Structure formats: C-alpha cells, structure tokens
Amino acid sequence: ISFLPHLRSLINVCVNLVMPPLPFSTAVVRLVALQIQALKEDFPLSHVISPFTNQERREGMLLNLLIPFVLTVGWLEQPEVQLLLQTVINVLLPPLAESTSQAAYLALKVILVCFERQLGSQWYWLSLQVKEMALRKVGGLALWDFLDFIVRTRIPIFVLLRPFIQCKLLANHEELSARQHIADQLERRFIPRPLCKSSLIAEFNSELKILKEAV
C-alpha cells in the first residue's frame, strides 16, 4: 500500500495538524515511522524534518515530533540515523535558546541511549564533538544534568570522557550547587546499571510530559 502517492499527503497534513493529546501524537508518529520503514529511497526521513530546522518553533518540533519517533522506534538504515544525529546535534553547536537547547539535549540523550548498537561505530567521533559544549558551557543547567546522567549510567561514551571530565573539568554560584553531586557519583562506587532500555523509557516519558506542560 505504501508506494501509492495519495497516502503521503495524508501524512503531511497530519504532521502539520500535530502543531494533540498523547494517544493521537503516538498514532501519528507511529504512522510516520511505518511510512519511513516501508519506503526508504523515495521517502527518506530527511524531507519531513528539513522544513522545521529554522528557529521559529523548532523546540516544539523536537519535543513532539523527534522524541516520539525515536522512542517508538527504539529496520532503520545507517545514513538516516547519521542525518538525524547530525541534525539534532547542530542545535547544540551551530556551524541557542535555553528551552530549545534543553529539547536538543533530551533528543541527544535519547538517540545516544537507544541506538547504542549501530551508533558505536563512531564513538570517538561523538567523543570529539562532545567536548565543546562543556568547554564553552552552552546551556544554563541542562549541561550538568546531561553530564551527571552520563556518569550515573556511564554508557560507552563514559569510556572516552573519563579523562576530560576529571582533569580539565575539575581544575561559586548555582552552577556548583549540583557539582558535588556529579563529582561524588563520578567516584568508583557501586554502579547499579539500568536493567534495560524499557526501564529508562519510563523516566524518559515522564520528563517528556513534564517538559510538555512546561511549554
């Protein structure tokens, strides 16, 4: 059925209609995901994400168009994953607002944790693109949240960031309020890992909802 063109239009207006409660947003994103899966060459994911890159309402787009797609689909191909990753990370490091930066950080975390099987081909690459945010301190407080979450779960990114997170990051205001927390959690203490991505998805959905009422 997917190849028939008349269906494509129905999706477009539908996603346009999105910017609805959770039961409708989940269904729309599910339909988009199935459409991407069915047709890859003719309808790559790039088309539906390209027009909303401009800083007009991209915060809401990232909040309720990208996070649901990744959450509900977390067989996608490598190049589309690369395009999605570079698009999301562009916001943090332009080649700016606090809320859109937080949304982009959330997208970065979800992408990092879900696609651990295929993304790990370029861990070093990401470990190179992840220094600058801490170097120039983009984002008010979400940066510390990201770093402390990484330290807590300490996924393969933690493999490369251990030297940069101790020597060049340790050496008085609200920024340091939680600094002791992350520093303590960076110590070689007992490490209770999450059982599976399903457990983390609960907190992911909770924080997604909270950010939704935040807007």
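### Examining a nonpolar patch on the surface
A cluster of nonpolar side chains, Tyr124, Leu128, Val159 and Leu160, forms an exposed patch at the surface whose accessible area comes to about 400 Å². Looking at the nonpolar patch, the elements that each hand over two or more residues are α8 (123–129) and α11 (156–161). Structurally, the position occupied by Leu160 is in helix α11. Using a relative accessible area of 37% as the deciding quantity, one classes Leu160 as partly exposed.

### What to know about the side chain of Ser127
By the secondary structure assignment, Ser127 is in helix α8. Owing to a relative accessible area of 7%, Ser127 belongs among the buried residues under this scheme. Looking at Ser127, its side chain comes within polar contact range of the main-chain oxygen of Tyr124, at 2.6 Å.

### A short note on helix α2 (residues 22–38)
Taking 1.5 Å per residue as the helical rise, α2 with its 17 residues ought to reach 24 Å, and the 24 Å between its terminal C-alpha atoms agrees with that figure. Among the residues of α2, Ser25, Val28, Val29, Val32, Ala33, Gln35 and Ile36 are the ones counted as buried. Buried residues of α2, seen end-on, are gathered within an arc of 160 degrees and therefore sit on one face of the element. More than 90 degrees from the buried face of α2, the exposed residues found are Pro23 and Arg30. In the core, the buried residues of α2 are packed alongside α1 (6–18), α4 (58–72) and α5 (78–92).

### A look at the packing of α4 against helix α6 (residues 98–114)
Put simply, α4 and α6 touch, their axes get as near as 9 Å, and they point 10 degrees apart. With respect to α6, the element α4 is oriented roughly parallel. In the packing of α4 onto α6, the handedness of the crossing is left-handed. Along its contact with α4, which presents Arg58, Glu59, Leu62, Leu66, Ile67, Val70 and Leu71, the element α6 presents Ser99, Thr100, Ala103, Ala104, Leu106, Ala107, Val110 and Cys114. Classifying every residue of the contact of α4 with α6 gives 11 nonpolar, two polar and two charged.

### Some remarks on the nonpolar core
Ranked by internal contacts, the top residues of the largest apolar core, which has 67 residues, are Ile67, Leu112 and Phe146. It is α6 that contributes the most residues to this core, 11 residues altogether. For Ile67, the contacting residues outside a window of four places in its chain are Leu62, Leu106, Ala107, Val110 and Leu208.

### As for the packing of aromatic side chains
Under the definition given, this model contains two aromatic pairs. Between the aromatic rings of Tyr105 and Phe146, the centroid separation amounts to 5.8 Å while the plane-to-plane angle is 85 degrees, which identifies the pairing as edge-to-face. Here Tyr105 is found in helix α6, whereas its partner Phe146 is found in helix α10 (residues 142–153), with 41 residues between them in sequence. Residue classification places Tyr105 among the buried positions, given a relative accessible area of 3%.

The rules behind each value
Residues numbered from 1 in each chain as written, not as in the entry; some residues may be left out. Part of a larger assembly, values for the part shown. Heavy atoms only, no water. Patch = residues over 30% accessible without salt bridge, like charges linked within 9 Å, V, L, I, M, F, W, Y side chains within 5 Å. Areas by Shrake-Rupley, 256 points an atom, 1.4 Å probe, with all protein chains shown as cover. Salt bridge = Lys/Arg side-chain N within 4 Å of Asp/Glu carboxyl O. Helix = DSSP H or I, 4+ residues; strand = E, 2+ residues; numbered from the N terminus. Buried < 20%, exposed > 50% of the residue type's maximum accessible area, 1.4 Å probe, protein only. Polar contact = N/O pair within 3.5 Å; in protein donor to acceptor, adjacent residues only side chain to side chain. Expected span 1.5 Å × (residues − 1). Arc of directions from axis to C-beta. Contact = heavy atoms within 4.5 Å. Axes fitted to C-alpha atoms, helices over the stretch in contact; angles between N-to-C directions. Parallel < 35°, antiparallel > 145°, perpendicular 65-115°, else oblique. Left-handed = near helix turned anticlockwise from the far one by under 90°. Nonpolar A, V, L, I, M, F, W, Y, C, P; charged D, E, K, R; others polar. Core = buried A, V, L, I, M, F, W, Y, C linked by side-chain atoms within 4.5 Å. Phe/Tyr/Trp six-rings, centres within 6.5 Å; stacked < 30°, edge-to-face > 60°.

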